[PDB]
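For reference, the structure is listed below as structure tokens.
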Amino acid sequence: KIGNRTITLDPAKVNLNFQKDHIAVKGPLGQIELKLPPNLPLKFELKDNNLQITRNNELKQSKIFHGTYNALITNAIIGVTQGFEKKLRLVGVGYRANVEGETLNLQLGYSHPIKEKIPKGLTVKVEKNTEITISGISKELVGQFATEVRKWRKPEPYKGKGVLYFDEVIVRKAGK
Amino acid sequence: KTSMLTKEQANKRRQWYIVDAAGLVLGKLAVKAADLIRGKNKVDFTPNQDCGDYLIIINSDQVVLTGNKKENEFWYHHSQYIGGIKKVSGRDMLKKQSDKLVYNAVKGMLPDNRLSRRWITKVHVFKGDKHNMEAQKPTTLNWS
Amino acid sequence: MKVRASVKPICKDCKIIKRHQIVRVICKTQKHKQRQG
Amino acid sequence: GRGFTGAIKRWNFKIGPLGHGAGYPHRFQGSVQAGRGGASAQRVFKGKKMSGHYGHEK
RNA sequence: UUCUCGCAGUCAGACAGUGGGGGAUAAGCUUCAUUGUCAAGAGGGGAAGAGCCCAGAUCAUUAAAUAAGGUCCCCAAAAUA
RNA sequence: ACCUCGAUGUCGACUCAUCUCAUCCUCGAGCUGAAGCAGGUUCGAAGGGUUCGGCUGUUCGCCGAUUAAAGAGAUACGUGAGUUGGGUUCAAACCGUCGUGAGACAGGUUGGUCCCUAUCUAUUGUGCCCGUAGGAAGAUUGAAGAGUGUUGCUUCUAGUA
RNA sequence: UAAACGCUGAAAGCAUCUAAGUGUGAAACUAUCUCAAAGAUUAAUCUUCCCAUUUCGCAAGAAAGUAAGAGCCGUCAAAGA
Numbered sequence: 003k004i005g006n007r008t009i010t011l012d013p014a015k016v017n018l019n020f021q022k023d024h025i026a027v028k029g030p031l032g033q034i035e036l037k038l039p040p041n042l043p044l045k046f047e048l049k050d051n052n053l054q055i056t057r058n059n060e061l062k063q064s065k066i067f068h069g070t071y072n073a074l075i076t077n078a079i080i081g082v083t084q085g086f087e088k089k090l091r092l093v094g095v096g097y098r099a100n101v102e103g104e105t106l107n108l109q110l111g112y113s114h115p116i117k118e119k120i121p122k123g124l125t126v127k128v129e130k131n132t133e134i135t136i137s138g139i140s141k142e143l144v145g146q147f148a149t150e151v152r153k154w155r156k157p158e159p160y161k162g163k164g165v166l167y168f169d170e171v172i173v174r175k176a177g178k
Numbered sequence: 003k004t005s006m007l008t009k010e011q012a013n014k015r016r017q018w019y020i021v022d023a024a025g026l027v028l029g030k031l032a033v034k035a036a037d038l039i040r041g042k043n044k045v046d047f048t049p050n051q052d053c054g055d056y057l058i059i060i061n062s063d064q065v066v067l068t069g070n071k072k073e074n075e076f077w078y079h080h081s082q083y084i085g086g087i088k089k090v091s092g093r094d095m096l097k098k099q100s101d102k103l104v105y106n107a108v109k110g111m112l113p114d115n116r117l118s119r120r121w122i123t124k125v126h127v128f129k130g131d132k133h134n135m136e137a138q139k140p141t142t143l144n145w146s
Numbered sequence: 001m002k003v004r005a006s007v008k009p010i011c012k013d014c015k016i017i018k019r020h021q022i023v024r025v026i027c028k029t030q031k032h033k034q035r036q037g
Numbered sequence: 116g117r118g119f120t121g122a123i124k125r126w127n128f129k130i131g132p133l134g135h136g137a138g139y140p141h142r143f144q145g146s147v148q149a150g151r152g153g154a155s156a157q158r159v160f161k162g163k164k165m166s167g168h169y170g171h172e173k
């Protein structure tokens with residue numbers, strides 16, 4: 003499963019540091035500060051080119067963390083080595099996007115243009131006026147920022163117009 | 003008939019102490035606090051007089067509680083007005099008034115008594131650590 | 001979502017979730033969302 | 116300072132018709148009854164609009 | 001708890017449990033029989049409570065064993081796993 | 001069939017309103033057999049507000065007009081030790097019926113007496129003595145709360161999506 | 001912050017707004033608008049002024065009770081039964 007699954011390590015630049023209750027990771031993409039609860043039910047024995055986790059006792063919280071912590075560390079590793087990227091497609095004839103500095107501004111169905119600020123640690127690339135590329139090192143922050151972008155405009159079932167999470171299929175409705 | 007049980011006669015005196023509350027829960031700390039304030043733990047208890055001692059609390063803003071009662075439990079207090087009920091949570095007290103919270107918590111276990119009225123005020127509750135009461139040379143202790 | 005007293009599998013994609021001690025059902029259709037089990 | 120004012124002016128209330136011979140009293144606080152008996156209200160409640168000294172308020 | 005004699009008193013009961021009937025195995029309702037209480041007899045438990053539980057009080061005790069019941073504090077009264 | 005009938009005065013109309021939500025509008029969210037608009041739908045949601053006129057003694061109820069709406073309950077079918085008795089429930093009188101008769105109608109009909117020098121608590125204002133620790137005079141923190149938290153139309157964006 | 005919308009993310013290798021972490025969001029709530037205030041006995045704080053007129057009592061001023069102020073009385077008003 004996940005607790006029984008162990009993941010290798012490629013410490014070309016990545017190194018690990020044990021904090022009081024946190025984890026300091028250094029790699030190609032900045033420094034990663036893993037926030038974990040104090041008095042950790044799990045123990046992360048890290049060796050050369052390998053890491054294995056185990057819980058010192060059997061608790062439902064500990065049983066959950068047996069998979070939760072492993073998945074979180076794996077996601078941290080894949081994020082620091084590659085980053086988390088997402089594409090948003092703004093479909094609409096009058097729906098247009100652009101970015102100046104950290105200020106991304108949109109012309110939408112509202113007569114009022116909408117402005118938003120790029121969060122720290124995430125990079126936004128406006129490759130096209132109808133395409134946005136978010137690239138961070140943490141999946142949580144990029145997902146939350148994508149939600150903040152999409153809350154202003156969402157696709158409609160009658161006719162696709164809004165922010166698709168890289169052009170998914172939607173239910174088709176009709177009306178004249 | 004009678005053995006003429008005799009107790010102290012105005013020979014009372016209250017001793018000042020210093021206590022810090024950071025890890026104890028409200029109820030199990032407050033019960034012993036009340037027992038110390040009334041002098042219940044002492045052997046020369048007299049209700050005709052007072053036999054308790056002074057007490058000063060340090061850093062009451064750090065009191066912790068079990069479970070989600072900081073966000074789940076609520077405390078009501080009614081003032082005689084429309085909408086006079088004030089409803090508070092544990093975290094709000096940690097944000098606005100923890101000293102008053104613990105003060106009324108200890109007062110709630112006090113008996114309906116004229117002396118307990120004069121006994122609840124004998125405690126000096128501070129969410130900090132410095133006060134003029136330190137000049138009284140209190141006997142610092144713990145587990146009250 | 002829908003106010004009920006129980007929850008049933010409306011179709012084969014009606015997963016049962018417990019969000020904030022509240023049991024709801026998520027499925028393909030937006031009309032397939034219920035609450036109050 | 117308006118001194119001893121009336122609740123009709125202190126609270127700016129309205130008085131109904133004076134025709135049909137509707138008794139002598141017309142300027143009063145209205146009905147102070149909310150409930151009676153030891154089950155519903157049994158008293159006058161705190162925070163009731165009543166007359167008194169008017170003015171001299173910063 | 002037999003008879004006689006003298007003096008009576010009461011019939012407007014109620015509550016709780018059981019078996020019911022009526023009412024709806026609705027009603028702190030009515031009708032009943034039975035088992036206990038108050039009435040006619042207080043007390044402790046029951047948050048304070050006539051009918052529930054433990055229980056039946058010559059008086060004085062600043063004496064002991066207790067019943068029901070209870071032991072974080074108010075409020076005497078325990079802890080271990 | 002009960003604490004109350006050696007007395008707990010009511011139907012309504014005017015005044016005072018309050019609280020609550022099973023929310024009517026204003027607030028927010030979700031689904032649609034939600035092209036838009038106008039919506040229906042389910043919930044959180046009690047801060048504010050939710051009309052006028054005619055008839056009925058009638059509360060109610062019917063009708064017309066108007067706003068976003070003209071929500072629903074409780075407080076002794078709230079509210080006379082705050083006003084009125086229009087009806088209602090004293091005799092008085094008639095109509096229709098009944099009793100042969102005194103009379104009665106859960107029929108109509110006309111009018112047909114509402115007492116109070118405030119004791120206390122609560123409650124709205126304002127003072128007297130003391131406290132606030134030597135006496136006096138100012139300025140405060142804020143402990144605690146309270147008032148207040150209504151909302152429509154037009155235009156632009158734009159007849160734009 | 002409620003409802004509600006969420007990201008990561010397990011048990012449940014998928015997935016999941018929740019379990020840890022991380023948010024948005026209600027005419028309601030804590031404030032910001034206004035009133036008011038230490039009898040807030042919870043009796044608080046700051047500043048200012050007055051002076052210790054030799055000398056006592058069951059504990060100190062019997063006796064000169066202020067150099068400060070207030071009160072009694074009058075004129076009154078922006079007050080005001």
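Just so you know, the sequences run in chain order e, i, 2 and b.
For what it's worth, the authors' numbering labels the leading residue of the first sequence as 3, then goes sequentially.
For what it's worth, the authors' numbering labels the leading residue of the second sequence as 3, then goes sequentially.
For what it's worth, the authors' numbering labels the leading residue of the third sequence as 1, then goes sequentially.
For what it's worth, the authors' numbering labels the leading residue of the fourth sequence as 116, then goes sequentially.
Backbone N, C-alpha and C define an ideal beta-carbon position, used for all residues, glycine too.
**Request:** At 8 Å on the CB atoms, spell out the chain i contacts of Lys161 (chain b), in chain order.
**Result:** Residue numbering aside, residue 161 (chain b) sits at position 46 when the fourth sequence is read from its first letter. Chain i residues near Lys161 (chain b): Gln82, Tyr83.
**Cβ neighbour criterion (16 or more within 10 Å) applied to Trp121 (chain i)** = Translated into the one-based positions of the second sequence, residue 121 (chain i) becomes position 119. It is buried - the Cβ of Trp121 (chain i) has at least 16 other Cβ atoms within 10 Å.
**Message:** Give me the residue from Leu166 (chain e), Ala148 (chain e), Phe147 (chain e) with the minimum Cα distance to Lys156 (chain e).
**Reply:** Counting from one through the first sequence, the residue named residue 156 (chain e) turns up at place 154. Closest by alpha carbon: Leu166 (chain e).
**Prompt:** Using the C-alpha atoms, what's the distance from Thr123 (chain i) back to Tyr56 (chain i)?
**Reply:** As a position in the second sequence, residue 56 (chain i) is number 54, starting the count at 1. As a position in the second sequence, residue 123 (chain i) is number 121, starting the count at 1. When rounded, the distance between both Cα atoms is 10 Å.
**Message:** Helix, strand or coil for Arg120 (chain i)? Go by DSSP, reduced to three states.
**Reply:** Residue 120 (chain i) sits at position 118 when you count from the first residue of the second sequence. Reduced to three states, the DSSP call for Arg120 (chain i) is helix.
**Request:** Answer yes or no: do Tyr97 (chain e) and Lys163 (chain e) have a C-beta to C-beta separation smaller than 8 Å?
**Result:** Taking the first residue of the first sequence as 1, we reach residue 97 (chain e) at position 95. Taking the first residue of the first sequence as 1, we reach residue 163 (chain e) at position 161. Between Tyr97 (chain e) and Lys163 (chain e), the C-beta spacing is below 8 Å.
**Prompt:** For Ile75 (chain e), which option in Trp154 (chain e), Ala26 (chain e), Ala14 (chain e), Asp169 (chain e) has the closest C-alpha, if you only look at C-alpha atoms?
**Reply:** On the first sequence, position 73 is the one that residue 75 (chain e) refers to. Of the candidates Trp154 (chain e), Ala26 (chain e), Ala14 (chain e), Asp169 (chain e), the residue whose Cα lies closest to the Cα of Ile75 (chain e) is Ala26 (chain e).
**Endpoints, the beta strand (DSSP E) within which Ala99 (chain e) is located** = Numbered from its first residue, the first sequence carries residue 99 (chain e) at position 97. Counting along the chain, the beta strand (DSSP E) containing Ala99 (chain e) begins and ends at 98–102.
**Request:** Could you say which of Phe168 (chain e), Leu108 (chain e), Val173 (chain e) lies nearest to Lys161 (chain e) if we only look at CA atoms?
**Result:** For the purposes of this step, residue 161 (chain e) is identified with residue 159 of the first sequence, where counting begins at 1. When each option's Cα is compared against that of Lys161 (chain e), the closest is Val173 (chain e).
**Request:** Using a threshold of 8 Å, state whether the C-beta atoms of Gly5 (chain e) and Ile139 (chain e) are closer than that.
**Result:** Indexing the first sequence from 1 puts residue 5 (chain e) at position 3. Indexing the first sequence from 1 puts residue 139 (chain e) at position 137. Not in contact: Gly5 (chain e) and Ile139 (chain e) (Cβ atoms no closer than 8 Å).
**Item:** Cβ neighbours of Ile26 (chain 2) in the same chain (closer than 7 Å, five flanking residues each side left out)
**Value:** Taking the first residue of the third sequence as 1, we reach residue 26 (chain 2) at position 26. The residues are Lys15, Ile17, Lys33.
**Request:** Would you mind working out which of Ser81 (chain i), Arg40 (chain i), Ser100 (chain i), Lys71 (chain i) sits nearest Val65 (chain i), comparing C-alpha positions?
**Result:** Taking the second sequence and counting its residues from 1, the one referred to as residue 65 (chain i) is at position 63. Checked all of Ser81 (chain i), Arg40 (chain i), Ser100 (chain i), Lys71 (chain i); the closest Cα to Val65 (chain i) is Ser100 (chain i).
**Asked** If you draw a straight line from the alpha carbon of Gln148 (chain b) to that of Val159 (chain b), how long is it in whole angstroms?
**Response** In the fourth sequence, the residue the question calls residue 148 (chain b) occupies position 33. In the fourth sequence, the residue the question calls residue 159 (chain b) occupies position 44. Whole-angstrom Cα-Cα distance: 8 Å.
**Item:** Inter-residue spacing [alpha-carbon to alpha-carbon] between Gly29 (chain i) and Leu7 (chain i)
**Value:** Locating residue 29 (chain i) in the second sequence gives position 27, counting from the first residue. Locating residue 7 (chain i) in the second sequence gives position 5, counting from the first residue. The straight-line gap from Cα to Cα measures roughly 34 Å.
**Asked** How many angstroms separate the CA atom of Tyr83 (chain i) from the CA atom of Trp77 (chain i)?
**Response** Mapped onto the second sequence, residue 83 (chain i) falls at position 81. Mapped onto the second sequence, residue 77 (chain i) falls at position 75. The straight-line gap from Cα to Cα measures roughly 18 Å.
**Message:** I'd like to know whether the C-beta atoms of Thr105 (chain e) and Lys119 (chain e) end up nearer to each other than 8 Å.
**Reply:** One-based indexing of the first sequence puts residue 105 (chain e) at position 103. One-based indexing of the first sequence puts residue 119 (chain e) at position 117. Yes, these two residues count as a Cβ contact at 8 Å.
**Request:** Determine the DSSP secondary structure at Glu75 (chain i), reduced to helix, strand or coil.
**Result:** What you label residue 75 (chain i) is simply residue 73 of the second sequence in a count that begins at 1. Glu75 (chain i): coil per DSSP, three-state reduction.
**Message:** Taking 7 Å as the cut-off, is the beta-carbon of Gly138 (chain b) closer than that to any non-hydrogen atom of the ligand ADP?
**Reply:** The ligand ADP is not part of this structure, which contains no ligands at all.
**Extent of the continuous beta strand (DSSP E) to which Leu18 (chain e) belongs** = In the first sequence, counting from the first residue as 1, residue 18 (chain e) sits at position 16. Unbroken beta strand (DSSP E) run through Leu18 (chain e): 17–20.
**Asked** Whose CA, out of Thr68 (chain i), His133 (chain i), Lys44 (chain i), lies closest to the CA of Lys9 (chain i)?
**Response** Sequence index remark: in the second sequence, residue 9 (chain i) carries index 7 (1-based). For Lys9 (chain i), the nearest C-alpha among the options comes from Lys44 (chain i).
**Item:** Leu90 (chain e), buried or exposed, once every other Cβ within 10 Å from all chains shown has been counted against 16
**Value:** Within the first sequence, numbered from 1, the residue matching residue 90 (chain e) stands at position 88. Answer is buried; the Cβ neighbour count reaches 16.
**Request:** My understanding is that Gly54 (chain i) touches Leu38 (chain i), with C-beta atoms under 8 Å, so please give their C-beta distance in whole angstroms.
**Result:** Sequence index remark: in the second sequence, residue 54 (chain i) carries index 52 (1-based). Sequence index remark: in the second sequence, residue 38 (chain i) carries index 36 (1-based). Between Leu38 (chain i) and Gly54 (chain i) the Cβ distance is about 7 Å, and since that is below 8 Å, they are a contact.
**Message:** Can you tell me where the beta strand (DSSP E) holding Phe86 (chain e) begins and where it ends?
**Reply:** What you label residue 86 (chain e) is simply residue 84 of the first sequence in a count that begins at 1. Residues 86–93.
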